[PDB]
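*Asks:* Chains as they are written, first to last, in the working numbering: chain A, 2 to 221; chain B, -17 to 209; chain C, 63 to 290. The structure's right below; bear with me while I get my questions together.
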Amino acid sequence: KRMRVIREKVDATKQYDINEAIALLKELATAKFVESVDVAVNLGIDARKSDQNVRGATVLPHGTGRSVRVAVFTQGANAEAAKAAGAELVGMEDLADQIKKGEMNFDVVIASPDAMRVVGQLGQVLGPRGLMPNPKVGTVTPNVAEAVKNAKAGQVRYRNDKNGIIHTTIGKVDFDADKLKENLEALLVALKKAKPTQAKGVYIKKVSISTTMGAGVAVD
Amino acid sequence: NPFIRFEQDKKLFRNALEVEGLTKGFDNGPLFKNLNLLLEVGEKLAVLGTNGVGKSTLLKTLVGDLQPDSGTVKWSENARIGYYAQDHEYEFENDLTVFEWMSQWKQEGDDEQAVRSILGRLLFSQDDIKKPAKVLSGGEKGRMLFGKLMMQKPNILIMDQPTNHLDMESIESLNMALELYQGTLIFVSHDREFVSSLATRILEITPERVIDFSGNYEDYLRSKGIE
Amino acid sequence: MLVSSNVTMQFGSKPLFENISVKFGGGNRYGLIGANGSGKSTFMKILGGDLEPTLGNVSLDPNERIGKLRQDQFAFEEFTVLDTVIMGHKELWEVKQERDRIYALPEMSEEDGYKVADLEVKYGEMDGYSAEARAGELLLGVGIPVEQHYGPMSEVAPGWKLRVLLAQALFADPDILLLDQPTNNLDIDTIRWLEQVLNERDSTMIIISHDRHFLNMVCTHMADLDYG
RNA sequence: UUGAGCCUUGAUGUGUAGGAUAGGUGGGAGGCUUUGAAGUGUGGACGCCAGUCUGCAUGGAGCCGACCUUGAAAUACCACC
Ligand SMILES: Nc1ncnc2c1ncn2[C@@H]1O[C@H](COP(=O)(O)OP(=O)(O)OP(=O)(O)O)[C@@H](O)[C@H]1O
Ligand SMILES: Nc1ncnc2c1ncn2[C@@H]1O[C@H](COP(=O)(O)OP(=O)(O)OP(=O)(O)O)[C@@H](O)[C@H]1O
Ligand code: NA
Ligand code: NA
């Protein structure tokens, strides 16, 4: 099988070159899918302590290659502002209480400071899956128009794993190496700027890029 | 090692207790179904069975503070009962000095010279007899109730878990104190050693039906099928 | 790791314990033994800060959630069993109840909204979403029925609510467990369950127990409190 | 021969309420199987004992996410742990 014939061909010990890893992944792209590529870095932080938590979101220079209906969660003028920004959701108190009451979710959530019908209505659905927007993550933004560009323009969020690993989608195997290199660099720079104050040791220990149906390799 | 020894002022003969049809339950209905027993003199009845079932509330009905649903409990004529409740906070919520609290129960024919002798044997020396009764340790409180039972000198002892908050020294002193006891004893405990040391009859209730015995706990286990 | 230095508590005219200085910590379990009236409960009060010593110090790390046991209170009796065992996490309970209060009070203004968003992310980090479930999976071990998990604290029996007060202490793997006579008026089966659930944990636990078969079962170190 | 550290590979981590012994992130949900099946013919290990992992094949070419009860989803799988 493919996972038995590639395990010998790729070794995780040798930290391949920044271009060589991408080239090997493109060679190994075999599963019949658009096969979004993902990246996993191992920040050096103590997740047991809250002050060392790295919650963030940045606009990649190219984009994730996918479009998600950024449902607007607002009311009044702030909620109505997002209607002209081109969002795939409608923000209303009832529309989040009834329309959004049984609704699973959108791709992302806009931020509304005037309306309040989509604050306590989410509960186990709006927060349990990690779809609730917070000020640090940029979901709870002052302007629905601002959130439209912060989410529909190719913005990607990230939160730590319980053991201190940040992984997220970067692009697709259709994207070129020249785009993917800067895509990875932007995220690495974002994390470096997002490092907390008390970060003992080195805060980027391992960086593995991978495909959905393929393996991963270290790049630095 | 505290020196505890219960004596008996007026020994009573023949039956000491009789319970005839004592069905009772709070809201599950049959807490104990159609209880029927006759307790002789010198019995050491260990009432077993463990959890939430009427392991207690039998003792509470026997003392009377828990009225039964149906049935009548006829204590012997001169039966004087020393009760050691499982939850004994109500007798210490009132804040008297240890000396006054032990002196409440002084009987006809003894001094506060003889009152303080019980505390001395119970290891309350000179300052620990000045503390408020409220502020005392759990074991130091169980001992203070043991010294009230000793002071009252009952001939029927009912004790709801007399092995609570007591260290090895105390559950080794009281064990032999009750072994030397010549009278009627009703007690309940979970540790399979204190109950096995002194017991001549076992009455344990299971949430469907009581089961009674006529021997000690080792024979009880062998008849149950426990190795 | 917890440390104590020269605790020296005294009320009266006789030494109770003198210049007690010991390091508790490292995943070891310290059975604290003694006589029936020496120092044990008033020492686990000091280690938790319930009463400050006469002249001494107790040092703990900036964040080390003390999981301590009751039997100095009996009458919380205002809320359900689930949210009674939940508030063993003194950190998560405050954020949960405060955000409920904020939801009650109108409106979610900009002070309210920005006050609430960070509390919500804090709750998410503390994984309050799966807090009640993990509380129930412990209440079942203690022996409380699922259909009455949500009942208030008056529905419970007086002899059944000490079970909940025990379950409160060991809620969500809290390091440093101050257990004060946990097995009293408990059964053989519950004692076996407790000594099994404490055998799968890496958290220093200081336990008071007057029996031998439980200390000799679970404990690693045998701290004494005799002679002073 | 036996301690300890490290690396690589593979398992184990149900109580309900679930099809069924799901660890948390989330990439996707249509992907896994023919360099030769779910079941079968038959080995061993583990266990809250209900159930999981593995050699090869006469034949072998077909199993699951979609549903659904939960705070939370799936050995469709790969990922950093
Ligand atoms: N004062 C009371 N008011 C209402 N119900 C009560 C009261 N006392 C007991 N009950 C009910 O009757 C049951 C019998 O309790 P009982 O005292 O017999 O238990 P137990 O076996 O002695 O318990 P434990 O060993 O835990 O102390 C209780 O579980 C409770 O449901
Ligand atoms: N307010 C007070 N005034 C005087 N003495 C006090 C006060 N509070 C406590 N004490 C004394 O402090 C000691 C506490 O003993 P401790 O609680 O350790 O006993 P224990 O039975 O071994 O404990 P545990 O209940 O934890 O099993 C006792 O000697 C008690 O008299
Ligand atoms: Na009882
Ligand atoms: Na005490």
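Beta carbons are placed, not taken as given, at the ideal position from N, Cα and C, and that holds for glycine.
#1: Would you check whether ligand 4 has a heavy atom nearer than 7 Å to the C-beta of B/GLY120?
#2: Please report whether the beta-carbon of C/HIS272 lies at a distance below 8 Å from any beta-carbon of chain B.
#3: Output the boundary residues of the alpha helix (DSSP H) element that contains C/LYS107.
#4: Just the chain C side, please: which residues come within less than 7 Å of A/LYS50 by C-beta, in chain order?
#5: Kindly list, in the order they appear in chain B, the residues whose Cβ is closer than 8 Å to that of C/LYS130.
#6: Could you list the residues in the segment 135 to 166 of chain C with a C-beta less than 7 Å from some C-beta on chain A, going in chain order?
#7: Of the choices B/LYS206, B/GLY91, B/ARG(-13) and B/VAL35, whose alpha-carbon is the least far from that of B/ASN10?
#8: Can you confirm whether B/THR43, when its beta carbon is compared against all beta carbons of chain C, has any partner nearer than 8 Å?
#9: Please report the Cβ distance between A/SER209 and A/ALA41, rounded to the nearest whole angstrom; I am assuming they are in contact, meaning their Cβ atoms lie under 8 Å.
#10: Nearest to C/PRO236 by CA position, among C/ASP242, C/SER75, C/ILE128 and C/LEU287, is which residue?
#11: Does DSSP classify C/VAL84 as helix, strand or coil?
#12: Who are the near neighbours of B/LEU104 in its chain, counting only those whose CB is closer than 6 Å to its CB and skipping five residues on each side?
#13: So which residues on chain A does C/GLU182 lean against when the C-beta distance must stay under 8 Å?
#14: Going by alpha carbons, who is nearest to B/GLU59 out of B/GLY31, B/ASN(-3) and B/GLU25?
#15: C/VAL218: which of C/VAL183, C/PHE136 and C/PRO115 sits nearest, CA to CA?
#16: How many Å lie between A/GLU186 and A/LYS137 at the Cα?
#17: Run through the DSSP bridge pairs and tell me what C/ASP242 is partnered with.
#18: Under 8 Å, do C/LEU94 and C/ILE268 count as touching if we go by C-beta distance?
#19: Ends of the beta strand (DSSP E) at A/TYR159?
#20: Measure the alpha-carbon distance for B/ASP173 versus C/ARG196 and round it to whole angstroms.
#21: I'd like to know if the segment 66 to 81 of chain B and the segment 102 to 122 of chain B are in contact, where contact means that at least 3 CB-CB pairs between them fall below 8 Å.
#22: Would you give the residue range spanned by the beta strand (DSSP E) that A/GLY77 belongs to?
#23: Between the segment 111 to 129 of chain C and the segment 242 to 251 of chain C, are three or more C-beta pairs nearer than 8 Å?
#24: What number of angstroms, rounded off, separates the C-alpha of B/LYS206 from the C-alpha of B/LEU167?
#25: Quick one, are the C-beta atoms of B/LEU20 and B/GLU0 less than 8 Å apart?
#26: Name the residues in the segment 249 to 261 of chain C whose C-beta lies less than 8 Å from a C-beta of chain B; which are they?
#27: Using the C-alpha atoms, what's the distance from B/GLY24 back to B/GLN164?
#28: Does C/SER216 have its Cβ less than 8 Å from a Cβ in chain B?
#29: Assign C/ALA179 to one of two classes, buried (16 or more other C-beta atoms within 10 Å of its C-beta) or exposed (fewer than that).
#30: In the DSSP output, what is C/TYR92 paired with across the bridge?
#31: Counting only beta-carbon separations shorter than 8 Å, does A/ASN54 have a partner in chain C?
#32: Can you tell me whether B/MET158 is buried or exposed? The criterion is at least 16 other CB atoms within 10 Å of its CB, across all chains shown.
#33: Could you tell me which uninterrupted alpha helix (DSSP H) segments, each at least 4 residues in length, are contained entirely in the segment 100 to 132 of chain A, listed from first to last along the chain?
#34: Tell me the rounded alpha-carbon separation between A/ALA88 and A/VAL35.
#35: Under DSSP, the beta strand (DSSP E) around B/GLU0 begins and ends at which residues?
#36: Would you list the residues sitting across from A/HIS168 in a DSSP beta bridge?
*Replies:* For this structure:
#1: Sequence index remark: in the second sequence, residue 120 of chain B carries index 138 (1-based). Yes, Cβ of B/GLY120 sits closer than 7 Å to a heavy atom of ligand 4.
#2: By 1-based counting over the third sequence, the position of residue 272 of chain C is 210. Closer than 8 Å to some Cβ of chain B, the Cβ of C/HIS272 qualifies, so yes.
#3: Position 45 of the third sequence, counted from the start, is the residue given in the question as residue 107 of chain C. 102 to 110 is the span of the alpha helix (DSSP H), which, as asked, contains C/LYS107.
#4: Counting from one through the first sequence, the residue named residue 50 of chain A turns up at place 49. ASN125, listed in chain order.
#5: As a first step, residue 130 of chain C must be located in the third sequence, where it is residue number 68. Within chain B, no residue comes near C/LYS130; the closest Cβ sits about 17 Å away, beyond 8 Å.
#6: The residues in question are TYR165.
#7: Counting from one through the second sequence, the residue named residue 10 of chain B turns up at place 28. Among B/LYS206, B/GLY91, B/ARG(-13) and B/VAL35, the Cα nearest to that of B/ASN10 belongs to B/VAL35.
#8: Counting from 1 along the second sequence, the entry for residue 43 of chain B is found at position 61. Interface residue (Cβ-Cβ distance to chain C less than 8 Å): B/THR43 is not classified as such.
#9: Against the first sequence, residue 209 of chain A aligns to sequence position 208. Against the first sequence, residue 41 of chain A aligns to sequence position 40. Right, the Cβ-Cβ distance comes to about 5 Å (below 8 Å), so this counts as a contact.
#10: Taking the first residue of the third sequence as 1, we reach residue 236 of chain C at position 174. The shortest CA-to-CA distance from C/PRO236 to any of C/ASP242, C/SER75, C/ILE128 and C/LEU287 is the one to C/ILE128.
#11: Looking up residue 84 of chain C in the third sequence gives position 22. It is a strand residue.
#12: Along the second sequence, one-based indexing puts residue 104 of chain B at 122. Taking B/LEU104 as the centre and dropping the five residues before and after it, the same chain places the C-beta of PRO(-16), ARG125 and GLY129 closer than 6 Å to its C-beta, in chain order.
#13: As a working note, residue 182 of chain C is residue 120 in the third sequence. Within chain A, the residues whose beta carbon sits less than 8 Å from that of C/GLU182 are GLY128, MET133 and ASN135, listed in sequence order.
#14: Sequence index remark: in the second sequence, residue 59 of chain B carries index 77 (1-based). From the listed residues B/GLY31, B/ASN(-3) and B/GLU25, the smallest Cα separation to B/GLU59 is found for B/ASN(-3).
#15: Your numbering for residue 218 of chain C matches position 156 in the third sequence. Closest by alpha carbon: C/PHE136.
#16: Reading the first sequence from its first residue, position 185 is the one you call residue 186 of chain A. Reading the first sequence from its first residue, position 136 is the one you call residue 137 of chain A. So the alpha carbons of these two residues sit roughly 21 Å apart.
#17: Residue mapping note: residue 242 of chain C aligns to position 180 of the third sequence, counting from 1. According to DSSP, residue pairing for C/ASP242 in a beta bridge involves C/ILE270.
#18: As a working note, residue 94 of chain C is residue 32 in the third sequence. As a working note, residue 268 of chain C is residue 206 in the third sequence. Yes, Cβ-Cβ distance for C/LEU94 and C/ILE268 is below 8 Å.
#19: In the first sequence, the residue the question calls residue 159 of chain A occupies position 158. Unbroken beta strand (DSSP E) run through A/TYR159: 156 to 159.
#20: Here residue 173 of chain B refers to the residue found at position 191 when the second sequence is read from its first residue. Here residue 196 of chain C refers to the residue found at position 134 when the third sequence is read from its first residue. Roughly 31 Å between the two C-alpha positions.
#21: Judged by Cβ distances under 8 Å, the segment 66 to 81 of chain B makes contact with the segment 102 to 122 of chain B, as three or more pairs qualify.
#22: Taking the first sequence and counting its residues from 1, the one referred to as residue 77 of chain A is at position 76. Careful: A/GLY77 lies outside any beta strand (DSSP E), inside the alpha helix (DSSP H) at 77 to 82.
#23: With the cut-off at 8 Å, the segment 111 to 129 of chain C and the segment 242 to 251 of chain C do not touch.
#24: Numbered from 1 along the second sequence, position 224 holds the residue referred to as residue 206 of chain B. Numbered from 1 along the second sequence, position 185 holds the residue referred to as residue 167 of chain B. Within the model, the alpha-carbon separation for B/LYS206 versus B/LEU167 is close to 24 Å.
#25: Taking the second sequence and counting its residues from 1, the one referred to as residue 20 of chain B is at position 38. Taking the second sequence and counting its residues from 1, the one referred to as residue 0 of chain B is at position 18. A contact, by the Cβ cut-off of 8 Å.
#26: Answer set for the segment 249 to 261 of chain C: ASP249, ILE250, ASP251 and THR252.
#27: Here residue 164 of chain B is taken as the residue at index 182 of the second sequence, counted from 1. Here residue 24 of chain B is taken as the residue at index 42 of the second sequence, counted from 1. One C-alpha to the other measures close to 6 Å.
#28: Taking the third sequence and counting its residues from 1, the one referred to as residue 216 of chain C is at position 154. So, not an interface residue.
#29: Locating residue 179 of chain C in the third sequence gives position 117, where the first residue counts as 1. It counts as buried.
#30: Position 30 of the third sequence, counted from the start, is the residue given in the question as residue 92 of chain C. C/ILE268 and C/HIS283, per the DSSP bridge assignment.
#31: As a working mapping, residue 54 of chain A is identified with position 53 in the first sequence. Yes, contact with chain C.
#32: Working through the second sequence from its first residue, we reach residue 158 of chain B at position 176. Here B/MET158 is exposed. Its C-beta has fewer than 16 other C-beta atoms within 10 Å.
#33: Within the segment 100 to 132 of chain A, the runs of alpha helix (DSSP H) that reach at least 4 residues and sit entirely inside it are, in chain order, 124 to 127.
#34: Position 87 of the first sequence, counted from the first residue, corresponds to residue 88 of chain A. Position 34 of the first sequence, counted from the first residue, corresponds to residue 35 of chain A. Looking at the two C-alpha atoms, the distance is approximately 24 Å.
#35: By 1-based counting over the second sequence, the position of residue 0 of chain B is 18. Judged by DSSP secondary structure, B/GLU0 falls within the beta strand (DSSP E) whose first and last residues are -1 to 2.
#36: The residue you call residue 168 of chain A lines up with position 167 of the first sequence. Under DSSP, A/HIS168 forms a beta bridge with A/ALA41.
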